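[1] piece number one of the complex, untouched:
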Amino acid sequence: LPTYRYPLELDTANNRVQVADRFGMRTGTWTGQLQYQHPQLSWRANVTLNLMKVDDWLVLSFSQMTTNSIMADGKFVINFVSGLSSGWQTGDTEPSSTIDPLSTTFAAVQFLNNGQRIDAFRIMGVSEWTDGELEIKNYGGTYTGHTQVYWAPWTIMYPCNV
Amino acid sequence: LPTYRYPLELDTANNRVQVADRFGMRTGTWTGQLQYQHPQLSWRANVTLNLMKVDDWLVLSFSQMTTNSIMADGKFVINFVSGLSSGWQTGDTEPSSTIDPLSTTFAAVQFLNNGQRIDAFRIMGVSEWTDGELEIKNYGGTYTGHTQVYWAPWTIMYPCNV
Amino acid sequence: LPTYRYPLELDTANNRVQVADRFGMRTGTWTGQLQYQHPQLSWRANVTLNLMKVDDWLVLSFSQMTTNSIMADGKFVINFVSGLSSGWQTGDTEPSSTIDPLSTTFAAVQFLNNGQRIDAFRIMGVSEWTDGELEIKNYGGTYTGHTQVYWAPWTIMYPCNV
Amino acid sequence: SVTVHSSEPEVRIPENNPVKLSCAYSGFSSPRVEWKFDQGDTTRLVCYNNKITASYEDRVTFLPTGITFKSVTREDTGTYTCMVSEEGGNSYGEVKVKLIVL
């Protein structure tokens, strides 16, 4: 007879050929340092983000965070080489294309200057993946002078295969 | 011989076995009251949103609406227990995970104060689902004092299974 | 024995019945004129956008661009009838539903007025598709008087079938 | 195309006693069962996706045949709507089991 390949499954007790329930959901967590890169400023923040494999998509769920000041532009680097969950491979984070961007979102930000909290937005685009290193460009958005940045939770996803 | 299970189908007249075309599209409509919740202010607005099951995703399509004033923060509750389309179960709206947020979009809003319509943004995140009750946390975004809120159309989706 | 229809494939060398790897990724490029439409202003800009078929989704990847002035609203028309990549059909861009909006995303923009580069946002909602003509409504967002518009890269996707 | 019915469309049971509300169904390839409680105005989720709600977890048990309660109070009186739906929602059925706690 034929066989089957994930997401395809053969149910024995039923003569059921179906699609794996886990295809639409596969949890994970990268625990590492979020690298902010710009030529005149660079810093790194300890973050622990959640991951979800949903069909042929990879979702990154950012939790609220407080970081150092950021420039008008910027890059965010995530080194998947180390930090992933149990059973998760660095290859499990590879995008299915080289198209730039692969997806763009906005982050709700607060530019903490003096005692002031400035509500502003920050556009984020999933740009590159190089030997386990994902590169999220921050094309810009709204900007004012500040000493720190408070980020509200946010999500980015991009196409991927398993 | 194996029977198949939705989405995997079997065409009799062709010896087919194809992924259903409806897997990538299943329409519905929840007609109810959009609950805005905050400790110092709470209101409810009659809304009728469209639903689309796209693979292992559930999309909610909000139409333009005018609501009462909202606080800097807030919660939006959708009670799926009642109001869904014909053939739609409250279980059909259950997310595939508990990760917070699942997804976070932005809503273009106009804070209606005096005669003024002040353009602003509201970051909305999919956070909880409790016995048919979906909770969309409005983390914040640009804000001013207003007596009303005009919301431009918007979309949020989150992972789900059928 | 039954046949298999895309994305379902039968691997001969193996007796492997799987889901195509290209299902989660199918590249293309539309090269044409981005039509901006409003009753008091309409213009057209030569753009070349990337396309990606990801499962039952169609993603459009906009590159950074500088355009003429835009009104507070307006819509963007994409005529898929001509301009698509090799092996791409105008029907390959048809959405799986008529629901409006199918999806909404924010676009980060700079309102180039005098020497000033004013940061703002634009809400983009996938509205209609009529005999190959995709319609993206810019419901609005923040706005000021300007003579030109710099758009940062952006992504919109909507449900579709193949 | 399919069938969804109850053995006892009306059930009268004494206070603090067990009770099974029977949902009989046929014609489904792979079905999904849902139980909702209606008492005047308030609608309550009991069972969804062959799984019992948190608010009913401690005393209700699901079976394809129906929902078995450990005990019932004056509170539990009312209509219990059982909906069975085929995956992909091409076919679906309903049945109401009136429960009267004595």
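    Structure's in. What do you need? Residues are numbered from 1 along each chain as shown, chains lettered A, B, ... in the order given.

[2] Please make it C-alpha for all contacts and neighbour counts, starting now.
    OK.

[3] quick one: the strands in chain A?
    A:8-11, A:16-19, A:26-38, A:41-54, A:57-62, A:65-68, A:74-79, A:104-112, A:117-130, A:133-141, A:148-151, A:154-159 (DSSP state E).

[4] do chain D as well
    According to DSSP E, the strands that chain D contains are D:3-5, D:10-13, D:19-22, D:24-26, D:31-39, D:42-48, D:51-52, D:60-63, D:66-69, D:78-86, D:92-101.

[5] Out of the ones you listed, which gets nearest to chain C?
    In terms of Cα to the nearest Cα, the element of the strands of chain D nearest to chain C is strand D:78-86, at 21.7 Å.

[6] That closest one and chain B in contact?
    Yes - applying Cα under 8 Å from any Cα of the partner chain, one finds strand D:78-86 in contact with chain B at D:83, D:85.

[7] Not counting its own residues, what contacts that strand?
    The contact list for strand D:78-86 (Cα atoms under 8 Å, 6 or more residues apart in numbering or on different chains) reads B:87, B:89, D:4, D:23, D:25, D:28-40, D:91-100.

[8] Neighbouring strands of that strand in the sheet, and parallel or not?
    Next to strand D:78-86 in the sheet, as set by DSSP bridges, lie strand D:31-39 (antiparallel), strand D:92-101 (antiparallel).

[9] tell me the angle that strand makes with strand D:42-48.
    Strand D:78-86 and strand D:42-48 meet at an angle of 40 degrees, taking axes from the mean of the first three to the mean of the last three Cα atoms, to 10 degrees as the criterion.

[10] How far away from the center of its chain is strand D:78-86?
    Centroid separation for strand D:78-86 versus its chain: 6 Å, with Cα atoms, centre = their mean, to the nearest Å.

[11] Near chain B, which residues of chain D are found?
    Counting by Cα under 8 Å from any Cα, chain D sits next to chain B at D:29-30, D:34, D:43-45, D:48-49, D:53-54, D:83, D:85, D:87-89, D:91-92.

[12] include chain E as well:
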Amino acid sequence: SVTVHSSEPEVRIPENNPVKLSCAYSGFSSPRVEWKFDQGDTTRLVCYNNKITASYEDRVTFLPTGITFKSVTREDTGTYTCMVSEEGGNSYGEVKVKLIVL
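    Time to bring in chain E:
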């Protein structure tokens, strides 16, 4: 790997008469057919995803064999490109049927 061709690559028909433009194809597991009209500069969609456009509904009828018009005019003169593509776009074919309204 596949074949897409026309019986009559050139078709001359008198004004206000019916016409069938034939699209013959083979080698496809599950094909998708598209018909586009080119007259100098203007490109027009006639048939997409085995379905006729709004602007051609009232007078054109699709069949795997080809597209049947009820009537034609001086307007309808030009090239009619028929594209057949395999689902998943691994194989695809083209054919042009020149139509000359007399």
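
[13] so what's the spatially most central residue of chain D bridging to?
    Centroid check for chain D by Cα atoms, centre = their mean gives residue D:35 as the closest residue, at 4.0 Å. Beta-bridge pairing for residue D:35 (DSSP bridges): residue D:47, residue D:82.

[14] Does it touch residue D:49 like I think?
    No - Residue D:35 lies out of contact with residue D:49 (Cα atoms under 8 Å); the separation is 9.5 Å.

[15] re earlier: contacts only, for the residue nearest to the centre of chain D.
    Residue D:35 is in contact with D:45, D:46, D:47, D:48, D:80, D:81, D:82, D:83, counting by Cα under 8 Å, 6+ apart.

[16] Report how many residues lie close to the third one.
    Burial of residue D:47, expressed as a neighbour count using other Cα atoms under 10 Å in any protein chain shown, amounts to 26.

[17] Kindly report the same for the first one.
    The local packing of residue D:45 (other Cα under 10 Å) involves 24 other residues.

[18] which residues does it contact?
    Taking Cα under 8 Å, 6+ apart, one finds B:81, B:131, B:132, D:35, D:36, D:37, D:53 in contact with residue D:45.

[19] Now with 10 Å, please.
    B:80-82, B:90-91, B:131-132, D:34-38, D:52-56, D:80-81 (Cα atoms under 10 Å, 6 or more residues apart in numbering or on different chains).

[20] Also the third one?
    Under the criterion of Cα under 10 Å, 6+ apart, the contact list for residue D:47 reads B:90-91, B:131, D:33-37, D:53-54, D:56-57, D:60-62, D:67, D:82-83.

[21] What of residue A:106?
    Applying Cα under 10 Å, 6+ apart, the residues contacting residue A:106 are A:120-125, A:138, A:140-141, A:154-156, B:104-106, B:123, C:105-108, C:121.

[22] next up, chain F:
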Amino acid sequence: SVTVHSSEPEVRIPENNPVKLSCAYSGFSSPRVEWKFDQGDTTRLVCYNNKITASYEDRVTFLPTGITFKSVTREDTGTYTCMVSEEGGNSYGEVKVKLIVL
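    This next block brings in chain F, placed alongside the chains you saw above:
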């Protein structure tokens, strides 16, 4: 449920010589192989998704049996972790091959 092991858990080879680090595995329906290099603090990606990294492309060759190097320098000394995972990540295995360049 599955097995992932090495024939030579410790490998000592002279400078500028070829070397194969062997990854033996069984029990997988459709497996995915990954090779990571650890030298004190720095972790380096060599092989991912049955494909060699750009930084190792010119000298390393992948086989299910293991990774074959053309040459090795003092830099290459350290632990080489081989991870094999089943599609859908229900089963997975690890193995470390210490490499000592002499």
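
[23] please look at the contacts of residue D:35 again, because chain F has been put in.
    B:89-90, D:23, D:44-53, D:62, D:66-67, D:80-84, D:94-96.

[24] Near chain F, list only the ones from the residues you listed.
    Filtering those for proximity to chain F by Cα under 10 Å from any Cα of the partner chain leaves nothing.

[25] Correct me if wrong: residue D:55 contacts residue B:132.
    No - with contact defined as Cα atoms under 10 Å, residue D:55 does not reach residue B:132; the gap is 11.8 Å.

[26] Which strand residues bridge residue A:32?
    Beta bridges link residue A:32 to residue A:47, judged by DSSP bridges.

[27] Distance of the residue nearest to residue A:8 when sequence neighbours are not counted relative to residue F:88?
    Nearest non-adjacent residue to residue A:8, counting by Cα to Cα, 6 or more residues apart in numbering or on different chains: residue A:19, 4.8 Å away. Residue A:19 is 11 Å from residue F:88, where distance means Cα to Cα, to the nearest Å.

[28] what touches both of those two?
    A:5, A:6, A:7.

[29] could I get these as CSV with neighbour count and distance to residue B:32?
    Below are those laid out as CSV (neighbours: other Cα atoms under 10 Å in any protein chain shown; distance: Cα to Cα, whole Å):
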residue, neighbour count, distance to residue B:32
A:5, 18, 42
A:6, 20, 39
A:7, 18, 36
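
[30] Tell me which residue is most central in chain A.
    Note: chain A centre (Cα atoms, centre = their mean) maps to residue A:60, 3.6 Å.

[31] so who does it touch?
    Taking Cα under 10 Å, 6+ apart, we find residue A:60 in contact with A:28-30, A:49-53, A:154-158, B:101-103.

[32] of the residues you listed, buried ones?
    Buried subset of the contacts of residue A:60 (neighbour count, 16 or more other Cα atoms under 10 Å in any protein chain shown): A:29-30, A:49-53, A:154-158, B:101-103.

[33] These: which ones sit near chain C?
    Among the buried ones among the contacts of residue A:60, proximity to chain C is found for residue A:158 (Cα under 10 Å from any Cα).
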